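Asker: Encoded as structure tokens, here's the structure I'll be asking about.
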Amino acid sequence: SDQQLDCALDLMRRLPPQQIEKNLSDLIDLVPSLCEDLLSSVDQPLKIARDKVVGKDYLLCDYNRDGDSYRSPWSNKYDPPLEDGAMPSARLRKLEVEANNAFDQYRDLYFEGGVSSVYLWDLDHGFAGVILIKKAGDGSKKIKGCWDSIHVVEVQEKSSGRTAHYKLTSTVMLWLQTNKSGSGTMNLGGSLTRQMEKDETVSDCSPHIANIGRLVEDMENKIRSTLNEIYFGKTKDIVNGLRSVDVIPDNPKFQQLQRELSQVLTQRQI
Amino acid sequence: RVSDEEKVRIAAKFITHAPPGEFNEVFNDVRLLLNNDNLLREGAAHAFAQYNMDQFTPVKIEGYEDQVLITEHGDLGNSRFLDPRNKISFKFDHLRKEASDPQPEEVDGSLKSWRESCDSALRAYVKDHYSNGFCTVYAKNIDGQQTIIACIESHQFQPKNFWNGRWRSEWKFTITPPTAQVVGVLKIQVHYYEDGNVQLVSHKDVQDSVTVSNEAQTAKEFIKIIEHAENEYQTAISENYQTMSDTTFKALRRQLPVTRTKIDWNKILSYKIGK
Amino acid sequence: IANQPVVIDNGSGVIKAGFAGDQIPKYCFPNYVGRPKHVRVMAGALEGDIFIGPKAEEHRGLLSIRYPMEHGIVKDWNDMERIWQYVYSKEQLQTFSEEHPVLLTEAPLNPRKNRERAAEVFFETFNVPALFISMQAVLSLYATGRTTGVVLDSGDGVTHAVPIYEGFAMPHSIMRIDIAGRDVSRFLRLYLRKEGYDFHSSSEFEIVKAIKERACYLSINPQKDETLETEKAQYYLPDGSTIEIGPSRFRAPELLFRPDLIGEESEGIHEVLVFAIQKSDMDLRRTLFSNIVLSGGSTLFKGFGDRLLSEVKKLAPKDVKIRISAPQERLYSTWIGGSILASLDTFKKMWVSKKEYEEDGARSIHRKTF
Ligand SMILES: Nc1ncnc2c1ncn2[C@@H]1O[C@H](COP(=O)(O)OP(=O)(O)O)[C@@H](O)[C@H]1O
């Protein structure tokens with residue numbers, strides 16, 4: 001059954017990432033014994049939650065959730081209301097409020113839409129956060145699309161010197177639909193994950209969350225540019241290489257260029 | 001406890017919609033998942049039939065020296081498929097890679113003879129579009145109507161590279177004098193799975209009206225329609241996405257902010273907005 | 001008509017020219033058209049009123065300098081025609097355009113309309129017998145004597161990392177930016193105004209290029225240089241007045257690695273180099289890492305190659321042998337390769353003849369290049 005989990009993860013890596021929720025539910029139907037293993041291991045699109053007391057949307061993960069209920073980052077309360085939920089420390093809660101506010105301004109500048117959520121769970125040696133974002137594209141347009149963040153960070157605070165070992169694990173779950181130009185409609189689904197670790201000295205001017213943020217900004221600019229290329233580097237060579245009309249006239253030229261390069265090869269040496 | 005009938009339906013959805021580079025692996029993944037073989041092996045055999053028809057993939061029959069695509073138009077109905085070029089029936093085994101034990105077929109083929117001249121032409125143009133290209137031009141009567149059904153594909157699979165590009169083309173040409181009617185769908189699929197996944201999924205539905213004149217003309221007219229459509233398609237598929245995806249993917253999330261300055265974290269944590 | 005062919009290596013900053021089968025380009029001069037600002041009162045003044053090359057360099061202060069070509073894309077076509085006419089004229093080459101075949105160069109992945117209009121100029125206005133446009137990276141490898149390897153380059157207009165493996169220039173793996181020496185010179189000019197010493201004039205713009213060429217260095221750790229206070233070194237201008245440069249000298253060439261500082265989204269030189277290696281096939285990546293060739297003027301900063309090596313070590317997979325090689329004459333790397341390519345007997349087959357252009361048109365030029 002360890003091979004079954006390996007196959008289950010291999011299957012979700014090959015099926016469309018647009019239908020993770022439906023396929024994961026069916027995969028749990030087919031293997032009910034792996035339900036707990038698959039829900040933890042298989043990454044899926046983030047759920048929308050609504051805080052009724054504040055009147056604001058928050059996002060749901062395994063880390064912020066304790067049992068059936070999920071701590072809202074705005075009110076600090078779980079829905080449904082649990083008696084003794086796993087809350088953070090009063091210092092970490094104040095830090096968590098400042099994280100939410102900081103990453104609220106983060107998202108709103110990069111996307112200018114959607115919803116985010118930030119939750120920080122208390123550790124003895126550190127403070128570890130999750131930064132969720134979900135932005136939806138223009139619904140009226142034929143081109144649908146969304147962008148989803150799952151930045152999990154682990155900060156190991158050192159005792160002396162005020163330095164902090166950060167460990168960022170960032171997933172980016174994308175699905176671009178393209179229905180335009182009167183030539184057909186294409187739907188592209190991406191899912192790259194990148195890891196980054198760093199030790200930064202703590203400043204009194206800028207808190208530790210700002211140090212975390214700097215990793216997110218740099219990671220997102222790089223992951224995005226990496227993603228961007230893995231799209232083209234494959235959608236270009238593979239599709240063009242299959243059905244290129246200019247392949248057959250250039251093949252005759254390449255064969256001429258093969259004689260030519262061979263003549264160049266001898267002449268370059270001497 | 002999930003019922004045995006529920007297990008087969010879950011297996012069917014994955015096998016019916018699997019990426020063709022790894023679909024035979026997906027079947028192996030479904031089989032390596034559920035313990036017993038017979039329940040999936042029996043259910044997959046039906047799925048493979050429907051699945052291998054929608055791929056337009058050719059099984060090489062041992063002694064033909066060419067590749068005959070398989071579809072709904074070649075389906076005789078008795079688990080054997082037509083090869084309209086070489087004009088022999090073949091039984092296609094769906095688990096195993098090969099199709100063997102063929103049977104010579106003989107039909108009057110009056111509608112079928114006309115299109116086989118147009119077919120042998122199409123091939124030469126398929127060879128022009130792709131480095132490796134295989135086809136099948138089915139000849140059939142559909143509820144009294146007279147219809148050529150050319151199909152083209154391309155399979156480019158490599159295990160080490162982790163990328164797989166696959167083309168399938170569906171083309172139906174109904175013969176009616178003078179004016180004829182055409183219906184065709186054109187699907188691309190590419191999949192990259194290194195350090196995480198990326199998929200290209202596509203199609204173009206085209207409705208066209210053609211007029212029959214000569215055998216040389218009808219052979220070179222339909223091909224011309226395909227040539228221009230598939231180029232315009234690839235052109236748009238390559239040239240729009242390299243630029244427009246970059247801008248639409250950017251319209252969702254921008255590479256830098258509206259200021260074009262990396263956001264200052266010190267600014268965020270000690271500034272107030274509004275009124 | 002197979003005379004000794006001419007190699008006009010184009011470029012936004014500098015334009016090289018000369019004959020085939022030569023060691024160095026004899027005719028190098030900056031690619032711009034100087035025109036007189038002031039009113040010519042006195043008789044017996046500078047005649048012509050359109051200055052190109054060494055006359056324009058000699059008489060900077062009179063002339064309002066303007067560049068015809070930005071980011072490997074000509075804006076003013078009349079200016080480039082005058083430059084090409086000056087190249088062929090008696091003041092530089094001492095030849096006719098009708099005699100010799102032409103080898104042109106351009107940056108990769110440019111607009112095709114500019115390539116067509118370039119060919120129109122060579123075939124119609126000049127009466128060229130045969131034309132051939134080529135890549136810069138392909139030539140630079142022919143100059144060195146290798147076939148395999150990536151070519152990172154940095155001129156005044158374009159920075160592009162082209163991977164090649166045994167005479168197979170992958171058109172798809174070519175990365176490119178519109179960020180280069182001109183943008184670094186513009187960013188240094190902006191920093192000098194923040195320091196105090198403002199330069200706004202077009203003749204005065206070339207003093208900023210001269211300061212950028214001479215007094216600049218790329219630090220390995222930029223955060224460490226930001227924390228430390230600079231020494232504020234001096235430099236004498238063409239006039240005589242001294243200028244304390246300050247922290248502008250080291251923060252100016254950071255634009256190439258951090259493109260966010262000017263205010264435009266791009267990858268960067270070090271990212272582009274990693275990105276060109278990644279887009280190619282898995283088996284060819286380790287050979288591409290081992291052979292990395294440098295070229296252009298904006299690779300000549302102090303500690304540039306050392307910073308590139310550190311950036312590759314950070315991004316690339318671990319336990320891989322990195323080697324960023326470079327020639328002695330980095331400025332004339334592309335032209336030497338063209339002179340070698342032109343001297344070869346194969347060159348006759350590749351070119352676009354004037355008869356072939358008159359028959360077909362632009363389609364034949366698009367086919368022969370790729
Ligand atoms: N020693 C140097 N240090 C820094 N920058 C230089 C140096 N020499 C030249 N440059 C810059 O590089 C440019 C010349 O590059 P070049 O490769 O000739 O451009 P192109 O590729 O367009 O011909 C000049 O415009 C100048 O700004």
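Labels used: A, B, ... for chains in the order of the structure tokens, numbers from 1 for residues in each chain, and numbers from 1 for ligands as shown.
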Which polymer residues have any atom within 6 Å of an atom of residue B:257, counting only C-alpha atoms, with same-chain residues fewer than 2 positions away left out, as JSON, numbers by chain?
Answerer: {"A": [109, 110], "B": [259, 260]}
Asker: Show which residues sit within 12 Å of residue B:218, as a count of residues only. Count only C-alpha atoms, and ignore same-chain residues fewer than 4 positions away.
Answerer: 23
Asker: Neighbouring residues of ligand 1 are defined here as those with any atom at most 8 Å from a ligand atom, counting only C-alpha atoms and all ligand atoms; list them as a PyMOL selection string.
Answerer: chain C and resi 9-16+30+72+153-158+181-182+184-185+209-210+212-214+216+295-302+330-332
Asker: Residues as selected, N, CA, C and O atoms, written as a short mmCIF file (atom, residue, chain, number, x, y, z; two decimals), in the first residue's frame, can you do that?
Answerer:
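Resulting contents of selection-v8.cif:
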data_model
loop_
_atom_site.label_atom_id
_atom_site.label_comp_id
_atom_site.auth_asym_id
_atom_site.auth_seq_id
_atom_site.Cartn_x
_atom_site.Cartn_y
_atom_site.Cartn_z
N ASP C 9 28.96 44.55 -39.53
CA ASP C 9 28.39 44.12 -38.25
C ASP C 9 27.61 45.28 -37.63
O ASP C 9 28.21 46.25 -37.16
N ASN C 10 26.28 45.19 -37.65
CA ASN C 10 25.42 46.23 -37.08
C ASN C 10 25.43 46.22 -35.55
O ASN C 10 25.81 45.23 -34.91
N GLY C 11 25.01 47.35 -34.99
CA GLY C 11 24.91 47.51 -33.54
C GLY C 11 24.38 48.89 -33.19
O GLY C 11 24.64 49.86 -33.90
N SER C 12 23.63 48.96 -32.09
CA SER C 12 23.04 50.22 -31.63
C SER C 12 24.11 51.20 -31.15
O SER C 12 24.04 52.39 -31.46
N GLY C 13 25.08 50.70 -30.38
CA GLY C 13 26.17 51.53 -29.86
C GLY C 13 27.25 51.78 -30.89
O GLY C 13 27.55 52.93 -31.21
N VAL C 14 27.82 50.70 -31.41
CA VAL C 14 28.96 50.75 -32.33
C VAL C 14 28.68 49.88 -33.57
O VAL C 14 28.00 48.86 -33.47
N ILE C 15 29.22 50.31 -34.71
CA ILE C 15 29.07 49.60 -35.99
C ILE C 15 30.47 49.31 -36.55
O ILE C 15 31.29 50.22 -36.72
N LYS C 16 30.75 48.03 -36.82
CA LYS C 16 32.05 47.58 -37.34
C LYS C 16 31.95 47.31 -38.84
O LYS C 16 30.87 46.96 -39.34
N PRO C 30 31.19 54.81 -33.86
CA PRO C 30 29.91 54.71 -33.15
C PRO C 30 28.70 54.99 -34.04
O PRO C 30 28.73 55.91 -34.86
N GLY C 72 18.31 46.90 -30.86
CA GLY C 72 18.42 46.16 -32.12
C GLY C 72 17.28 46.40 -33.11
O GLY C 72 17.02 45.56 -33.97
N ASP C 153 25.86 37.66 -24.59
CA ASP C 153 26.39 38.90 -25.15
C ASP C 153 25.71 40.11 -24.53
O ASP C 153 24.60 40.00 -24.00
N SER C 154 26.39 41.25 -24.56
CA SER C 154 25.85 42.50 -24.01
C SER C 154 26.44 43.71 -24.73
O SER C 154 27.50 44.23 -24.35
N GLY C 155 25.75 44.15 -25.78
CA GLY C 155 26.11 45.37 -26.50
C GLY C 155 25.49 46.58 -25.85
O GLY C 155 25.31 46.62 -24.62
N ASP C 156 25.16 47.58 -26.66
CA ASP C 156 24.49 48.80 -26.20
C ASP C 156 22.96 48.67 -26.26
O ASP C 156 22.26 49.35 -25.51
N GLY C 157 22.45 47.81 -27.15
CA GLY C 157 21.00 47.64 -27.36
C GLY C 157 20.41 46.40 -26.72
O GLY C 157 19.49 46.50 -25.91
N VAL C 158 20.95 45.23 -27.09
CA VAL C 158 20.35 43.93 -26.73
C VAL C 158 21.30 43.07 -25.90
O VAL C 158 22.52 43.12 -26.07
N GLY C 181 23.74 48.16 -22.40
CA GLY C 181 24.62 49.31 -22.16
C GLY C 181 24.02 50.71 -22.23
O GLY C 181 24.39 51.58 -21.43
N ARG C 182 23.12 50.94 -23.19
CA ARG C 182 22.44 52.23 -23.33
C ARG C 182 21.54 52.53 -22.13
O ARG C 182 21.48 53.67 -21.66
N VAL C 184 21.99 51.16 -19.14
CA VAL C 184 22.93 51.33 -18.02
C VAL C 184 23.51 52.75 -18.03
O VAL C 184 23.64 53.37 -16.97
N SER C 185 23.85 53.26 -19.21
CA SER C 185 24.31 54.65 -19.38
C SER C 185 23.23 55.67 -19.01
O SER C 185 23.54 56.71 -18.42
N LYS C 209 28.68 57.89 -21.00
CA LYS C 209 29.19 56.63 -21.56
C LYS C 209 30.68 56.44 -21.25
O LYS C 209 31.10 55.34 -20.89
N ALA C 210 31.46 57.51 -21.40
CA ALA C 210 32.90 57.48 -21.10
C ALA C 210 33.20 57.23 -19.61
O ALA C 210 34.16 56.54 -19.28
N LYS C 212 31.01 55.62 -17.63
CA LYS C 212 30.55 54.23 -17.47
C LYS C 212 31.60 53.22 -17.92
O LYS C 212 31.80 52.19 -17.26
N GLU C 213 32.25 53.50 -19.04
CA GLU C 213 33.34 52.65 -19.57
C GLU C 213 34.54 52.60 -18.62
O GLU C 213 35.08 51.53 -18.35
N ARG C 214 34.95 53.77 -18.13
CA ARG C 214 36.16 53.90 -17.31
C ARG C 214 35.91 53.57 -15.83
O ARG C 214 36.44 52.59 -15.32
N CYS C 216 33.68 52.30 -13.38
CA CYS C 216 32.61 51.44 -12.87
C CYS C 216 33.17 50.07 -12.46
O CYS C 216 34.16 49.60 -13.03
N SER C 295 30.58 38.18 -24.73
CA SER C 295 30.78 39.11 -25.85
C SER C 295 30.15 40.48 -25.58
O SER C 295 29.34 40.63 -24.66
N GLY C 296 30.53 41.46 -26.38
CA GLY C 296 29.99 42.82 -26.27
C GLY C 296 30.72 43.69 -25.26
O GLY C 296 31.50 43.19 -24.44
N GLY C 297 30.46 44.99 -25.32
CA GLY C 297 31.13 45.97 -24.46
C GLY C 297 30.67 46.00 -23.02
O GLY C 297 31.47 46.23 -22.11
N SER C 298 29.37 45.75 -22.79
CA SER C 298 28.80 45.77 -21.44
C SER C 298 29.11 44.54 -20.57
O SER C 298 28.62 44.44 -19.44
N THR C 299 29.91 43.60 -21.09
CA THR C 299 30.52 42.53 -20.29
C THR C 299 31.91 42.90 -19.74
O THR C 299 32.51 42.11 -19.01
N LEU C 300 32.41 44.09 -20.08
CA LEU C 300 33.77 44.52 -19.70
C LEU C 300 33.87 45.22 -18.33
O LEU C 300 34.94 45.74 -18.00
N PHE C 301 32.79 45.25 -17.55
CA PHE C 301 32.83 45.81 -16.19
C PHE C 301 33.72 44.97 -15.27
O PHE C 301 33.87 43.76 -15.46
N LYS C 302 34.31 45.63 -14.27
CA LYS C 302 35.23 44.99 -13.34
C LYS C 302 34.47 44.11 -12.35
O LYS C 302 33.60 44.60 -11.62
N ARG C 330 36.79 41.14 -26.93
CA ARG C 330 35.35 40.91 -26.75
C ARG C 330 34.47 41.85 -27.60
O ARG C 330 33.35 41.48 -27.95
N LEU C 331 34.98 43.03 -27.92
CA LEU C 331 34.26 44.01 -28.75
C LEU C 331 34.16 43.58 -30.22
O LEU C 331 33.12 43.81 -30.85
N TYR C 332 35.22 42.98 -30.75
CA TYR C 332 35.29 42.55 -32.16
C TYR C 332 35.14 41.03 -32.34
O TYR C 332 35.69 40.47 -33.29
#
Asker: For a quick test of understanding: name the residues of chain A lying within 6 Å of chain C when counting only C-alpha atoms, and present them as a ChimeraX atom specification.
Answerer: /A:233,260,268
Asker: Those selected residues, please, written with N, CA and C atoms and delivered as a PDB file, in the first residue's frame.
Answerer:
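Result went into result15.pdb, see below:
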ATOM      1  N   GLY A 233       8.843  27.180 -23.611  1.00  0.00           N
ATOM      2  CA  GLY A 233       9.848  26.147 -23.898  1.00  0.00           C
ATOM      3  C   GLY A 233       9.302  24.787 -24.322  1.00  0.00           C
ATOM      4  N   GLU A 260      27.937  22.347 -45.467  1.00  0.00           N
ATOM      5  CA  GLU A 260      28.601  23.623 -45.240  1.00  0.00           C
ATOM      6  C   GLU A 260      29.303  23.662 -43.891  1.00  0.00           C
ATOM      7  N   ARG A 268      37.769  25.942 -39.660  1.00  0.00           N
ATOM      8  CA  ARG A 268      37.934  26.525 -38.317  1.00  0.00           C
ATOM      9  C   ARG A 268      39.221  26.047 -37.646  1.00  0.00           C
TER      10      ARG A 268
END
Asker: From a DSSP pass on the backbone, collect the residues of stretch 43-249 of chain A flagged as helix (DSSP H, G or I) and hand them back as an MDAnalysis selection string.
Answerer: chainID A and resid 90:110 208:235 237:243 247:249
Asker: One number please: atom CA of residue A:230 to atom CA of residue B:196, in Å, one decimal.
Answerer: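 We find that atom CA of residue A:230 and atom CA of residue B:196 lie 9.6 Å from each other.
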Asker: Please report as an mmCIF file with C-alpha atoms, in the first residue's frame which residues of chain C come no farther than 9 Å from chain B, using only C-alpha atoms.
Answerer:
data_model
loop_
_atom_site.group_PDB
_atom_site.id
_atom_site.type_symbol
_atom_site.label_atom_id
_atom_site.label_comp_id
_atom_site.auth_asym_id
_atom_site.auth_seq_id
_atom_site.Cartn_x
_atom_site.Cartn_y
_atom_site.Cartn_z
ATOM 1 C CA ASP C 260 13.586 46.374 -11.635
ATOM 2 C CA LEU C 261 15.764 49.436 -10.802
ATOM 3 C CA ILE C 262 15.044 51.295 -14.088
ATOM 4 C CA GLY C 263 11.320 50.393 -13.818
ATOM 5 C CA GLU C 264 10.687 47.602 -16.328
ATOM 6 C CA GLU C 265 10.023 43.867 -15.936
ATOM 7 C CA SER C 266 12.747 41.612 -17.286
ATOM 8 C CA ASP C 281 17.262 19.374 -23.967
ATOM 9 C CA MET C 282 18.332 17.553 -20.764
#
Asker: I'd like the contact shell of residue B:96 - 12 Å cut-off, only C-alpha atoms, skipping same-chain residues fewer than 3 positions apart - returned as a PyMOL selection string.
Answerer: chain B and resi 24+45+48+59-60+91-93+99-100
Asker: Excluding residue A:73 and its own-chain neighbours fewer than 5 positions away, which residues fall within 8 Å of it when counting only C-alpha atoms? Please give them as a PyMOL selection string.
Answerer: chain A and resi 58+96-97+100+117-119
Asker: Identify which of the residues B:184, B:20, B:74, B:165 lies closest to chain A, counting only C-alpha atoms when measuring atom-to-atom distances.
Answerer: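 With only C-alpha atoms as the atom set, the closest residue is B:165.
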Asker: How many Å separate atom CA of residue C:242 from atom CA of residue C:199?
Answerer: 14.2 Å
Asker: Might you pull out every residue within 10 Å of residue B:61, with only C-alpha atoms counted and same-chain residues fewer than 2 positions away left off, and present them as an MDAnalysis selection string?
Answerer: chainID B and resid 58:59 63:68 83 90:92 98:102
Asker: Which residue, A:168, A:196, A:216, A:7, has the smallest gap to chain B when you use only C-alpha atoms?
Answerer: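 Under the stated criterion, the closest residue is A:7.
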Asker: What is the atom CA of residue A:10 to atom CA of residue C:285 distance in Å?
Answerer: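 Between atom CA of residue A:10 and atom CA of residue C:285 the gap is 26.2 Å.
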Asker: Based on DSSP run over this structure's backbone, return all residues of stretch 99-236 of chain B in strand (DSSP E), as an mmCIF file with C-alpha atoms, in the first residue's frame.
Answerer:
data_model
loop_
_atom_site.group_PDB
_atom_site.id
_atom_site.type_symbol
_atom_site.label_atom_id
_atom_site.label_comp_id
_atom_site.auth_asym_id
_atom_site.auth_seq_id
_atom_site.Cartn_x
_atom_site.Cartn_y
_atom_site.Cartn_z
ATOM 1 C CA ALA B 99 -2.774 -5.974 -34.364
ATOM 2 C CA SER B 100 -2.386 -9.209 -36.353
ATOM 3 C CA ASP B 101 -4.364 -11.985 -38.214
ATOM 4 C CA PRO B 102 -5.763 -9.812 -41.078
ATOM 5 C CA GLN B 103 -8.556 -10.645 -43.582
ATOM 6 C CA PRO B 104 -8.784 -9.511 -47.262
ATOM 7 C CA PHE B 134 0.358 8.659 -40.243
ATOM 8 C CA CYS B 135 -3.209 8.797 -41.617
ATOM 9 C CA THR B 136 -6.410 6.915 -42.486
ATOM 10 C CA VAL B 137 -9.115 7.977 -44.966
ATOM 11 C CA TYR B 138 -12.255 6.015 -44.163
ATOM 12 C CA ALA B 139 -14.902 5.362 -46.739
ATOM 13 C CA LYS B 140 -18.444 4.798 -45.463
ATOM 14 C CA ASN B 141 -22.157 5.427 -46.042
ATOM 15 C CA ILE B 142 -23.797 7.392 -43.177
ATOM 16 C CA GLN B 145 -25.113 10.264 -47.129
ATOM 17 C CA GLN B 146 -21.751 9.837 -48.882
ATOM 18 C CA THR B 147 -18.756 10.839 -46.683
ATOM 19 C CA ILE B 148 -14.930 10.751 -46.920
ATOM 20 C CA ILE B 149 -13.369 10.718 -43.458
ATOM 21 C CA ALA B 150 -9.658 11.518 -43.488
ATOM 22 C CA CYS B 151 -7.749 11.428 -40.202
ATOM 23 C CA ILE B 152 -4.211 12.574 -39.347
ATOM 24 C CA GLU B 153 -2.198 12.224 -36.137
ATOM 25 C CA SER B 154 1.288 12.740 -34.721
ATOM 26 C CA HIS B 155 2.807 10.985 -31.682
ATOM 27 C CA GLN B 156 6.053 12.286 -30.158
ATOM 28 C CA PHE B 157 6.670 10.509 -26.833
ATOM 29 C CA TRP B 163 7.310 15.837 -22.341
ATOM 30 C CA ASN B 164 4.839 14.427 -24.853
ATOM 31 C CA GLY B 165 3.361 16.254 -27.871
ATOM 32 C CA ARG B 166 0.341 14.745 -29.590
ATOM 33 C CA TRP B 167 -1.757 15.843 -32.547
ATOM 34 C CA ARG B 168 -5.113 14.458 -33.695
ATOM 35 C CA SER B 169 -7.136 15.726 -36.679
ATOM 36 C CA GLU B 170 -10.720 14.778 -37.604
ATOM 37 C CA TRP B 171 -11.964 15.601 -41.134
ATOM 38 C CA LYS B 172 -15.279 14.600 -42.765
ATOM 39 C CA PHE B 173 -16.076 15.473 -46.415
ATOM 40 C CA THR B 174 -19.647 14.722 -47.561
ATOM 41 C CA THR B 179 -22.144 21.889 -53.369
ATOM 42 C CA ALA B 180 -20.624 19.701 -50.611
ATOM 43 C CA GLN B 181 -20.513 20.152 -46.805
ATOM 44 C CA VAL B 182 -17.483 19.725 -44.487
ATOM 45 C CA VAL B 183 -17.235 19.240 -40.697
ATOM 46 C CA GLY B 184 -13.940 18.824 -38.798
ATOM 47 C CA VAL B 185 -12.396 19.158 -35.319
ATOM 48 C CA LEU B 186 -8.674 19.703 -34.647
ATOM 49 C CA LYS B 187 -7.215 18.841 -31.189
ATOM 50 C CA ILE B 188 -3.652 19.463 -29.881
ATOM 51 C CA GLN B 189 -2.230 18.119 -26.615
ATOM 52 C CA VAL B 190 1.198 18.679 -25.002
ATOM 53 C CA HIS B 191 2.223 17.723 -21.435
ATOM 54 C CA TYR B 192 5.397 18.608 -19.525
ATOM 55 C CA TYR B 193 6.093 17.017 -16.141
ATOM 56 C CA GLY B 196 5.891 20.179 -11.755
ATOM 57 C CA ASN B 197 3.333 20.032 -14.563
ATOM 58 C CA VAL B 198 2.347 22.136 -17.563
ATOM 59 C CA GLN B 199 -0.288 21.117 -20.136
ATOM 60 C CA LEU B 200 -1.344 22.437 -23.516
ATOM 61 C CA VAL B 201 -4.921 21.414 -24.398
ATOM 62 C CA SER B 202 -6.671 22.677 -27.546
ATOM 63 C CA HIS B 203 -9.185 22.290 -30.339
ATOM 64 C CA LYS B 204 -10.680 24.080 -33.382
ATOM 65 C CA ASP B 205 -14.111 23.181 -34.805
ATOM 66 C CA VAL B 206 -14.435 24.147 -38.503
ATOM 67 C CA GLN B 207 -17.536 24.105 -40.735
ATOM 68 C CA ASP B 208 -16.819 24.611 -44.464
ATOM 69 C CA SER B 209 -18.682 24.348 -47.792
ATOM 70 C CA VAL B 210 -16.773 22.972 -50.820
ATOM 71 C CA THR B 211 -17.876 22.346 -54.439
#
